[PDB]
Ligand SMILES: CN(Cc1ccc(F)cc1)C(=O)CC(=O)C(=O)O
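In structure tokens, the next block holds one chain alone, the form deposited without this ligand.
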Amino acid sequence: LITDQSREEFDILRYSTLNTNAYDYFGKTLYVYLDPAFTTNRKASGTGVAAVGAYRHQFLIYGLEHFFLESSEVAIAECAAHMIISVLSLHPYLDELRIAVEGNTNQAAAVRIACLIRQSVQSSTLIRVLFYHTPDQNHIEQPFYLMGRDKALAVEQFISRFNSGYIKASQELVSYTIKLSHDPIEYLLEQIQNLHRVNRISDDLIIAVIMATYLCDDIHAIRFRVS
């Protein structure tokens, strides 16, 4: 499934973006994805956030969060926003944000969360923010993304990119909810090992990386619109 050489190179070969001021080859757009977590009542998992950008033909992971909880929606949005602001701060060449917020069962909450994220970001820094928009009932666009047939293409595309060296972490990777307990990349590797094609091995951060990387292509570029 996943190569040993590719897992090992992802760990020991990370990009030190801070070592250079020559940005010609970096993508200027930060893609992020999150899947805010509610389920019912019980103590379950958390919420995966990932932030990625292009470098030549590669994709670079700038940020990871795996967040566990008063307003769940504010805590969630704030932890996404805080990661994004640090990332923008570390990589000034980044001049646009494109954000997808999964709303699969609870789309009202994903609406509000999108709106809260755009709020913290814009309070802190001047940048254009775009959200993945999808049609709803009376055919009106709403700032959410829906997982569906996509997930298989995305998973299968990740596995193939990772195996061939296309997925890389940066050295200055931001993670306020992981870094104090683990190297975030070692944590993310534990999940990459748990990957199958398509019952209690968490997979939330890895899917978030799979999806941020996936919505990178131009096939999705019109879906992103001012929220």
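Numbering starts at 1 and follows the sequence shown. Only residues modelled in both forms are compared. Take the two forms, superpose them, and find the largest set of C-alpha atoms that agree within 1.5 Å; that set is the rigid core.
The same protein has a further form, the form deposited with this ligand bound, not shown here; the description that follows concerns it.
field: Heavy atom contact within 4.5 Å of this ligand in the deposited bound form, the stretch among 35-43, 186-194, 173-181, 57-65
entry: Of the options, only 35-43 has residues within 4.5 Å of the partner.
query: So in the deposited bound form, does residue 204 come within 4.5 Å of this ligand, heavy atom to heavy atom?
result: Result yes; residue 204 sits at the interface with this ligand in the deposited bound form.
query: Just to confirm, residue 104 within 4.5 Å of this ligand in the deposited bound form by heavy atoms?
result: Residue 104: yes, in contact with this ligand in the deposited bound form.
query: Does any heavy atom of residue 147 come within 4.5 Å of a heavy atom of this ligand in the deposited bound form?
result: Output for residue 147 is yes: heavy atoms within 4.5 Å of this ligand.
- prompt: 2 Å or more on the CA of residue 218 between the shown form and the other one, with the rigid core superposed, yes or no?
  reply: Stays below the 2 Å threshold, so no.
field: Core-superposed comparison between the shown form and the other one, residue 22 Cα displacement 2 Å or beyond
entry: After core superposition, the displacement of the residue 22 C-alpha between the shown form and the other one reaches the 2 Å mark, so yes.
message: As a test: superpose on the rigid core, then list the runs of at least 3 residues whose Cα atoms all move 2 angstroms or more between the shown form and the other one.
response: After superposition, only residues 19-25 shift as a run.
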